[PDB]
Each structure stands twice: as structure tokens, then as C-alpha cells.
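Have a look at the structure below before the remarks.
Since every read-out is calculated from the coordinates, none of them should be taken as a lab result. Here Cβ is always computed from backbone atoms with ideal geometry, including for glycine, and neighbour counts include all displayed protein chains.
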Amino acid sequence: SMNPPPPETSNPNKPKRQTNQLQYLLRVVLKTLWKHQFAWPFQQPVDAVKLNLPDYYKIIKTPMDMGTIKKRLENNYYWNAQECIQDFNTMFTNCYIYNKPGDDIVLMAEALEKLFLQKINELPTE
Ligand SMILES: Cc1cc(C)cc(Oc2nccc(-c3c(-c4ccc(I)cc4)ncn3[C@@H]3CCN(CCN)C3)n2)c1
């Protein structure tokens with residue numbers, strides 16, 4: 001099958017705002033995770049046709065990735081920081097759902113999630 005379209009990253013019908021948490025999520029959290037040595041499988045929607053995974057989008061019905069998260073932050077798609085944090089968590093749990101414990105790819109996601117959780121445990125007050 002064909003890849004599904006990526007998640008929505010822009011919406012003019014939503015209000016926009018900037019906070020000390022949302023800039024931190026893009027400037028500190030997204031950037032640090034992007035530059036991590038294990039980040040490359042998570043920097044764009046899973047290309048199920050390139051990777052020959054015809055089951056991925058039958059199994060993963062809420063896709064999410066760091067490329068989409070970066071765009072959502074850049075377009076002020078999120079009103080609250082929790083929305084962005086939820087998208088990161090959806091990304092990691094997608095990897096765990098599609099794979100099995102102890103797969104190499106899962107070890108990759110777990111390292112990124114550990115770093116993510118460390119950086120969220122230091123999120124600034126509004
Ligand atoms: C370590 C590795 C190996 C290979 C062959 C390619 C690769 O590159 C890559 N790119 C993109 C996606 C994936 C991926 C994901 C995944 C799922 C949700 C999200 I959000 C992000 C990634 N789950 C599995 N895979 C790969 C497919 C086959 N699988 C092997 C069975 N465990 C490993 N891998 C990395």
C-alpha cells in the first residue's frame with residue numbers, strides 16, 4: 001500500500017501562543033533528541049513502503065515522529081506543553097507497540113525516551 005499522509009502540522013483555525021515551556025520544548029528537548037546518535041529512525045514518519053513494512057499502518061493508528069513534532073512546534077500547533085509531551089510519548093509507544101522487547105530498535109527508543117524524561121523532569125515553570 002501507499003504511505004498515509006503525515007499528521008497535521010498546521011491549522012489556521014486554532015489559536016496560537018508562545019510560552020517558556022513551548023520554546024524550551026523546541027529549543028532544548030526537540031533539538032537535543034534530534035542530535036542524539038540514535039535519532040535517525042525517529043526523524044520522519046515511518047516510510048513503510050521504503051522499509052517494506054506493509055503491517056505498520058495497520059498496527060499503528062496514531063502515527064507520530066520527531067519531524068512532525070518539530071513542525072507542530074514551529075507552526076504553533078500546540079497550545080499547551082502537555083500536547084507536545086503527549087506526542088513524544090505517542091512516538092515512543094508506537095515503537096514499543098510495533099516491535100518486541102529487546103529488539104535493537106527498541107533499545108534505541110528507550111535511550112531517547114530516558115533522555116526525553118530527564119529533560120521533561122527539568123521543564124521550566126510557566
Ligand atoms: C535498527 C534498524 C533496523 C533497520 C532494518 C532499519 C532501521 O531504520 C528504521 N527506520 C524507520 C523505522 C524503523 C523501525 C521501527 C520504528 C517504529 C516506529 C517509529 I516512531 C520509528 C521506528 N520499528 C522497526 N523498525 C525497523 C524495521 C524493521 N525492524 C526490524 C524489527 N525490529 C526494525 N527503522 C533501523
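Please specify each residue of region 87-108 satisfying the condition of being over 20 Å from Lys70 (Cα atoms) and touching a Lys or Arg at 6+ places or on another chain (Cβ under 8 Å).
Within region 87-108, the first condition is being over 20 Å from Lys70 (Cα atoms), and the residues that meet it are 96-107.
Passing the criteria: only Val106.
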Scanning region 79-98 for residues that are over 13 Å from the mean Cα position of the chain (by Cα), surrounded by 15 or more Cβ atoms within 10 Å (Cβ to Cβ) and of a type in the set (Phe, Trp, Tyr) gives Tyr96, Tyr98
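Being within 16 Å of the ligand (Cβ to nearest atom), over 18 Å from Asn3 (Cβ atoms) and surrounded by fewer than 17 Cβ atoms within 10 Å (Cβ to Cβ): is that true of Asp104 here?
Yes, satisfied.
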